[PDB]
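Presented as structure tokens, the chain that follows is alone, the form deposited in one PDB entry.
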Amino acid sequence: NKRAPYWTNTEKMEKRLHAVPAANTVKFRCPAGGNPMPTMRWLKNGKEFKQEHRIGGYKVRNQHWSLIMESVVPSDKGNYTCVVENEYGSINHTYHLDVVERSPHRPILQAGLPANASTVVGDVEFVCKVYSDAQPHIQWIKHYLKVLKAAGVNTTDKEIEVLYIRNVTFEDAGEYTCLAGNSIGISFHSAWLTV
């Protein structure tokens, strides 16, 4: 029988937001039926999507009613719409794409921090700056090691990157270390306190 276009598998279309890690392949599908066989067109942000719109362009497999984009990058973020039509009708569906860059490195600390410090008999601080994708665990150590402070539920990341030492004694002199670790590995920078 002759009929307008219709989706043949809404299950595979329910996931509207496609958030994926950079460098992966993305595939959008809009399985359709209809008689005569409906045509398919894909739009990017409501406008014709052309091969030159991204490095390496894209691929379309009419047999699977799909749009394929390989090695996605941040700039691919946007809306992708499939339009399907024949003489008896026209229907569309929209997907949203978001790309997230992942960094599989151990934590990285800013060079120069913490910095050496010199005092007398009454305050000082040691600062540290950490960067990491995988959640990092930060702690401050005094050199045989002694843990002065460590991140956790009771000592949030908000104030873990700065170590304060008031009314210093000659005993406080020594090497202080900011140590940061995640599942991949450990990093640490040290400074000296002169009293």
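In case it trips you up, residue 1 is the first one in the sequence shown, and so on.
Below, we refer to the form deposited in another entry, which is not included among the displayed structures.
- Query: So which of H137, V26, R102, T155 is at the hinge, taking the rigid parts that turn between this form and the one not shown?
  - Reply: Looking at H137, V26, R102, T155, only one falls at a hinge: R102.
- Message: A 3 angstroms or greater change in CA distance between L109 and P21 is reported in the other form. Closer or farther than in this form?
- Response: Between the C-alphas of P21 and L109, the gap narrows in the other form (3 Å or more compared with this form).
- Item | Cα separation of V20 and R106 in the other form versus here, shift of 3 Å or more | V20 and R106 sit closer together in the other form.
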